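Q: I'm passing along structure.pdb; it holds PDB, C-alpha atoms.
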```
ATOM      1  CA  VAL A 344      99.111 120.667 110.938
ATOM      2  CA  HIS A 345      99.442 117.571 108.746
ATOM      3  CA  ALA A 346     101.685 115.873 111.312
ATOM      4  CA  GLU A 347      99.128 116.711 114.005
ATOM      5  CA  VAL A 348      96.272 115.248 111.943
ATOM      6  CA  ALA A 349      98.339 112.095 111.404
ATOM      7  CA  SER A 350      98.875 112.005 115.166
ATOM      8  CA  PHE A 351      95.174 112.462 115.940
ATOM      9  CA  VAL A 352      94.238 109.724 113.470
ATOM     10  CA  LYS A 353      96.707 107.365 115.147
ATOM     11  CA  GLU A 354      95.461 108.252 118.631
ATOM     12  CA  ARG A 355      91.857 107.388 117.732
ATOM     13  CA  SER A 356      92.658 104.260 115.725
ATOM     14  CA  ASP A 357      94.941 102.755 118.374
ATOM     15  CA  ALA A 358      92.002 103.201 120.782
ATOM     16  CA  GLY A 359      89.843 100.962 118.561
ATOM     17  CA  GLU A 360      88.063 103.786 116.678
ATOM     18  CA  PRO A 361      89.357 103.622 113.089
ATOM     19  CA  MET A 362      89.952 106.819 111.122
ATOM     20  CA  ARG A 363      91.845 107.948 108.026
ATOM     21  CA  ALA A 364      92.967 111.221 106.461
ATOM     22  CA  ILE A 365      93.635 112.599 102.974
ATOM     23  CA  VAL A 366      96.005 115.561 102.758
ATOM     24  CA  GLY A 367      97.437 117.885 100.133
ATOM     25  CA  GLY A 368      99.893 120.759 100.391
ATOM     26  CA  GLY A 369      99.873 124.298  98.988
ATOM     27  CA  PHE A 370      99.739 125.068  95.268
ATOM     28  CA  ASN A 371     101.532 123.428  92.329
ATOM     29  CA  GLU A 372     103.896 121.406  94.502
ATOM     30  CA  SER A 373     106.971 119.856  92.875
ATOM     31  CA  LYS A 374     108.348 116.320  93.146
ATOM     32  CA  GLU A 375     111.019 117.157  95.724
ATOM     33  CA  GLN A 376     108.359 118.612  98.016
ATOM     34  CA  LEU A 377     106.149 115.532  97.660
ATOM     35  CA  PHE A 378     108.936 113.078  98.511
ATOM     36  CA  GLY A 379     110.149 115.199 101.429
ATOM     37  CA  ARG A 380     106.589 115.515 102.737
ATOM     38  CA  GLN A 381     105.805 111.821 102.222
ATOM     39  CA  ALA A 382     108.920 110.909 104.215
ATOM     40  CA  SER A 383     107.704 113.315 106.935
ATOM     41  CA  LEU A 384     104.177 111.754 106.802
ATOM     42  CA  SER A 385     104.976 108.072 106.363
ATOM     43  CA  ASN A 386     102.480 106.355 108.691
ATOM     44  CA  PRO A 387      99.464 104.460 107.258
ATOM     45  CA  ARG A 388      95.879 105.778 107.531
ATOM     46  CA  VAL A 389      97.134 108.893 105.700
ATOM     47  CA  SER A 390      97.006 109.740 101.992
ATOM     48  CA  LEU A 391      98.940 112.467 100.152
ATOM     49  CA  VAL A 392      97.528 114.157  97.028
TER
ATOM     50  CA  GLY B 197     123.395 101.764 107.663
ATOM     51  CA  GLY B 198     119.816 102.575 106.683
ATOM     52  CA  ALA B 199     117.484 104.044 104.058
ATOM     53  CA  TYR B 200     120.645 105.459 102.396
ATOM     54  CA  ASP B 201     120.785 102.191 100.477
ATOM     55  CA  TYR B 202     118.764 104.107  97.847
ATOM     56  CA  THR B 203     119.905 107.450  96.369
ATOM     57  CA  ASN B 204     116.496 109.041  97.098
ATOM     58  CA  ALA B 205     117.276 109.118 100.833
ATOM     59  CA  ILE B 206     120.140 111.581 100.270
ATOM     60  CA  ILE B 207     117.964 113.839  98.109
ATOM     61  CA  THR B 208     115.100 114.007 100.624
ATOM     62  CA  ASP B 209     117.387 114.486 103.618
ATOM     63  CA  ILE B 210     119.319 117.295 101.911
ATOM     64  CA  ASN B 211     115.926 118.894 101.195
ATOM     65  CA  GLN B 212     115.298 118.937 104.972
ATOM     66  CA  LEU B 213     118.447 121.001 105.682
ATOM     67  CA  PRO B 214     118.498 124.782 106.344
ATOM     68  CA  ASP B 215     120.612 125.907 103.341
ATOM     69  CA  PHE B 216     121.771 122.801 101.395
ATOM     70  CA  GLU B 217     119.599 121.766  98.425
ATOM     71  CA  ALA B 218     119.350 118.905  95.917
ATOM     72  CA  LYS B 219     117.112 117.955  92.975
ATOM     73  CA  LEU B 220     116.462 114.607  91.263
ATOM     74  CA  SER B 221     117.267 114.025  87.593
ATOM     75  CA  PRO B 222     114.523 115.165  85.174
ATOM     76  CA  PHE B 223     115.359 112.213  82.896
ATOM     77  CA  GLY B 224     113.347 109.515  84.693
ATOM     78  CA  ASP B 225     112.719 107.009  87.490
ATOM     79  CA  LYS B 226     116.380 106.349  88.247
ATOM     80  CA  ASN B 227     116.215 105.398  92.009
ATOM     81  CA  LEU B 228     119.647 103.753  91.984
ATOM     82  CA  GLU B 229     121.435 102.377  95.044
ATOM     83  CA  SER B 230     124.137 104.405  96.774
ATOM     84  CA  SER B 231     126.326 101.273  96.690
ATOM     85  CA  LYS B 232     127.097 101.967  93.002
ATOM     86  CA  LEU B 233     128.243 105.583  93.409
ATOM     87  CA  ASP B 234     131.545 106.446  91.684
ATOM     88  CA  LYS B 235     134.778 107.602  93.346
ATOM     89  CA  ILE B 236     134.748 111.405  93.741
ATOM     90  CA  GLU B 237     135.893 113.877  96.426
ATOM     91  CA  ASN B 238     136.040 117.647  97.068
ATOM     92  CA  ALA B 239     133.509 118.684  94.414
ATOM     93  CA  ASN B 240     133.526 122.442  95.099
ATOM     94  CA  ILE B 241     129.832 123.413  95.291
ATOM     95  CA  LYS B 242     127.751 126.356  96.328
ATOM     96  CA  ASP B 243     126.669 128.558  93.382
ATOM     97  CA  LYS B 244     126.427 125.518  91.102
ATOM     98  CA  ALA B 245     124.190 122.540  90.294
TER
END
```
What does the file become when written as structure tokens?
A:
Amino acid sequence: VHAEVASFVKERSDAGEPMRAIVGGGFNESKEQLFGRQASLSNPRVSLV
Amino acid sequence: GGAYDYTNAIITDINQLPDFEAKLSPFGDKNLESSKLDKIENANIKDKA
């Protein structure tokens, strides 16, 4: 879902309509999960909590 | 040949695999290059850390 939201935000922004997203995963996530998810979510206009 | 300049890239990419796992040191912000790894082969690993 997070990759899709990143994709939707890119699709609207590249069309001239700027948009951004803030995202966070599950409960009590550990460091390894944050790095692995950041690497899988690397584009700008996206924030990870 | 890529992001594998930095040790982190091995730890993330292992964490993407089906059954292989890896975890970063709890001692601090090491983020060393792979270029300075030491010579070691055939480290027998499955039920170990």
Q: Tell me as a PyMOL selection string which residues belonging to chain B come within 10 Å of chain A, counting all atoms listed in the file.
A: chain B and resi 204-205+207-212+218-220
Q: Once you add 5 Å to each side, what are the centre and edge lengths of the axis-aligned box holding all listed atoms of region 207-214 of chain B? One decimal in Å, as lines of an AutoDock Vina configuration file, if you can.
A:
```
center_x = 117.2
center_y = 119.3
center_z = 102.2
size_x = 14.2
size_y = 20.9
size_z = 18.2
```
Q: Taking 2 positions as the minimum chain separation for residues in the same chain, which residues sit within 8 Å of residue 362 (chain A) when counting all atoms listed in the file? Answer as an NGL selection string.
A: :A and (352-353 or 355-356 or 360 or 364 or 388)
Q: The selected residues should be written to file as an mmCIF file, in the coordinates of the input (atoms: C-alpha atoms).
A:
```cif
data_model
loop_
_atom_site.group_PDB
_atom_site.id
_atom_site.type_symbol
_atom_site.label_atom_id
_atom_site.label_comp_id
_atom_site.auth_asym_id
_atom_site.auth_seq_id
_atom_site.Cartn_x
_atom_site.Cartn_y
_atom_site.Cartn_z
ATOM 1 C CA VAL A 352 94.238 109.724 113.470
ATOM 2 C CA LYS A 353 96.707 107.365 115.147
ATOM 3 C CA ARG A 355 91.857 107.388 117.732
ATOM 4 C CA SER A 356 92.658 104.260 115.725
ATOM 5 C CA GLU A 360 88.063 103.786 116.678
ATOM 6 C CA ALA A 364 92.967 111.221 106.461
ATOM 7 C CA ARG A 388 95.879 105.778 107.531
#
```
Q: So how far away is CA of residue 228 (chain B) from CA of residue 198 (chain B), in Å?
A: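 Interatomic distance here is 14.7 Å.
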Q: Expand the PyMOL selection byres ((chain B and resi 243) around 12) into the explicit residue set it covers here, and present it as a list in words.
A: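 Those residues are residues 215, 216, 217, 240, 241, 242, 244 and 245 of chain B.
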Q: So the first atom is CA of residue 363 (chain A) and the second is CA of residue 345 (chain A); what is the distance between them in Å, to one decimal place?
A: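 Between these atoms lies a distance of 12.3 Å.
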Q: I need the residue nearest residue 369 (chain A) from this list: A:357, A:391, A:349, A:386. Use only C-alpha atoms for the distance.
A: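 Using only C-alpha atoms, residue 369 (chain A) sits closest to A:391.
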Q: Please, what distance in Å, to one decimal, runs between CA of residue 213 (chain B) and CA of residue 226 (chain B)?
A: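 About the pair CA of residue 213 (chain B) and CA of residue 226 (chain B): they are 22.9 Å apart.
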Q: Which residue is closest to residue 387 (chain A)? Choose from A:373, A:367, A:350, A:358 and count only C-alpha atoms.
A: A:350
Q: Name all residues at most 10 Å from region 231-235 of chain B (count only C-alpha atoms; drop same-chain ones fewer than 5 positions away) and give them as a PDB file with C-alpha atoms, keeping the file's coordinate frame.
A:
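Saved result, part37.pdb, follows:
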```pdb
ATOM      1  CA  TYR B 200     120.645 105.459 102.396  1.00  0.00           C
ATOM      2  CA  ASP B 201     120.785 102.191 100.477  1.00  0.00           C
ATOM      3  CA  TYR B 202     118.764 104.107  97.847  1.00  0.00           C
ATOM      4  CA  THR B 203     119.905 107.450  96.369  1.00  0.00           C
TER       5      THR B 203
END
```
